[PDB]
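Let's start with one chain on its own, the form deposited in one PDB entry, as structure tokens.
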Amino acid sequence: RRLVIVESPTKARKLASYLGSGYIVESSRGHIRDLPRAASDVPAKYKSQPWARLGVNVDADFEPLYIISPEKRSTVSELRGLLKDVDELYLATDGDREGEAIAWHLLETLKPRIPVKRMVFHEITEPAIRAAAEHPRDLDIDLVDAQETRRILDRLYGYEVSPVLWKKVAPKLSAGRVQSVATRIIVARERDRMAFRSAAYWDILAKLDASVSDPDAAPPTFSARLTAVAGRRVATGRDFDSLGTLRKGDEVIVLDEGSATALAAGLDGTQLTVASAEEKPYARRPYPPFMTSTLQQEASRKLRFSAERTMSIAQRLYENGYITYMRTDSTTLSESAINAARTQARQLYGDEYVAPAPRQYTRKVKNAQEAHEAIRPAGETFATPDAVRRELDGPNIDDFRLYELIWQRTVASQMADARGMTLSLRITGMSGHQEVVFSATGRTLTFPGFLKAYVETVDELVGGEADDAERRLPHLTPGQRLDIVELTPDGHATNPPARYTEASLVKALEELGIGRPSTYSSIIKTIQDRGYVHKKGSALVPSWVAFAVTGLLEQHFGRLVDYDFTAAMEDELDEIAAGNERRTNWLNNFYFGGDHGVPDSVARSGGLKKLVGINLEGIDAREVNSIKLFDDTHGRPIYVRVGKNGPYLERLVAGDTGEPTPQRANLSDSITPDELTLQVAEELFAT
């Protein structure tokens, strides 16, 4: 008999069905050991060590104290009992550094005296599981070191930074390093919206008829926008800065209502002339197969799933053998998957829609031990969407809908390019003695290609045109007459920068190099649970406490929330995982200071311990929990105060017998920060 250990019961039952007689497959319920979480976790033998409760001996090369979580105590003893009756132990945790560390803890805890085989696989099928059992991988201690370094980093960061949050913001706040950076991202955007000032600008929208000079033109009518007047380009929204004043670029003319209306009046009665018309072909390549980042984005935009929901569903699909492993930065497809996807594309859409050659989407992954393939349907032959629809019906419907998304993306990635035309137009006229220029743009989809099988969804808050959208224009030739159906002077205002959705936050975490496949959703989940961020529709909105904590970190511990320093620490952890940096050297440099790392980083500034242990009696807690908004019409500053009972507005005013007396008005989450205007503040201060 052979004992096999995996992380979860679903995985345990699934591997057992494939390994057959002679294997006992059991679940570890995840991690079995952790650093001490309370004083009572410290065993008697270590109670004589003053560092035991922290769980890390920083003076002995950061030696950890791993103890068995009391909730996992019976799991360990049951595992120990089964080990006594087998001839071989198989460790079948996930192949990334998290799963490697779990296997390492199982070895350290069970101390086997029998052969050990470490199985690695990235899909759960009978071929994949059989191959893995027959070709085990040597235990990768570099992965384990990378996982352990991050665990200790997290412990030390919390140890040093938490008491500053307790003394200067609020008790029972928890420290979170990467979480505080993601929260800063959200706060920075909200601060940009509050400081945004709109500018007004006008143009003219024209509906133009071509069926007078060409009764075959299709469509007969179309719209065009005024874009130049007497050789000066007409100002648009991109021409104003965030304070509503013109950028320092080429000269423009800023039209207003009376301005634009006078141009339309001097025009109606006349006809317009096609000065120029251009056709330019385009060819769009398919989207790459999903990796974790793009799966979460598209599930969020198309399916409206939170990042956390997406990864819970993806985990069930994985453990049940429907898809490949869902924590990956690879968009590579294996040979059988490319061929299955081409076949499906051929059967569902026709030979014309299959790409002529197989399409490989190879990008360099951080660590080839940890990611082998895109997220795609499992198996040499993909399970059909209908068969999966019948199995995951009823309560498992979200599972089907994510599988369908993955299936369609995988098939579309092997399909032919989309083709169409980009269409341009210049239209001239005469409004009195001034030459006007009207511009129209278009785009056709001659051949949809892969778009027949997958079209990305535009971010709800950023907006935009879908990749399959069309704007058709009739065929025109220079000099051609056009009749003005309608002239509408049209007023506009610049808009503040859009809030993040969960989808665009994942995108920003990836592009800044701060997130990783195994952390994107837990980051986003955690900032919402700990109260830093909430959802208004699909928009992530920071809470007022998020402003207070972010300002504290920015003003006094800025290196800890710097985007570039954070991305570089993530890279260094990956270097440990590849065996190009040492766990112990990295921890010593980071915590105690050293000569290695990016210039001016925490390590190079003297280390985390010196950095946080500045003189804190010089950090005023009243200032930390005051968020300046604006002054009122009398010059008095209005500020949001974050108090034990929540947020409230406050200003100092003149009282009964002289000033300064506080005036307050309580606040709820109902009003987003950029909505609390002076007008709103004054209304709150009265009622």
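Note that residue numbering follows the sequence shown and begins at 1. So that the term is clear: the rigid core is the largest set of C-alpha atoms that superpose within 1.5 Å between two forms.
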Subject >> Mean temperature factor over C-alpha atoms, higher-scoring stretch between 18-26 and 666-674 >> reply: 666-674
Subject >> 366-374 set against 148-156, stretch whose average Cα temperature factor tops the other in the entry >> reply: 366-374
Original post:
Out of 278, 399, 456, 329, which shows the largest CA B-factor listed in the entry?
Top reply: 278
Original post:
For the listed residues 522, 538, 446, 320, which one has the largest C-alpha B-factor as given in the deposited model?
Top reply: 446
Subject >> Third assignment of residue 35 from its chain's C-alpha B-factors >> reply: lowest
Subject >> Chain thirds of CA B-factor: placement of residue 417 >> reply: middle
**OP:** Classify residue 636 as lowest, middle or highest third according to the C-alpha B-factor given in the PDB entry, relative to its own chain.
**Re:** highest
Original post:
Among the modelled residues of its chain, does the C-alpha B-factor of residue 492 lie in the lowest, middle or highest third?
Top reply: middle
**OP:** Please place residue 657 in the lowest, middle or highest third of its chain by C-alpha B factor as given in the entry.
**Re:** highest
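This next part talks about the form deposited in another entry, which is not shown.
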Original post:
Just one of 599, 356, 464, 395 has a C-alpha that shifts by 2 Å or more between the shown form and the other one on a rigid core fit; which is it?
Top reply: 395
Original post:
After the core is matched up, is the C-alpha of residue 45 off by 2 Å or more between the shown form and the other one?
Top reply: no
Original post:
After the core is matched up, is the C-alpha of residue 621 off by 2 Å or more between the shown form and the other one?
Top reply: yes
Original post:
With both forms fit on the core, is the shift of the CA atom of residue 60 between the shown form and the other one 2 Å or larger?
Top reply: no
Original post:
Did residue 544 and residue 620 drift closer or farther in the other form, going by a CA distance change of 3 angstroms or more?
Top reply: farther
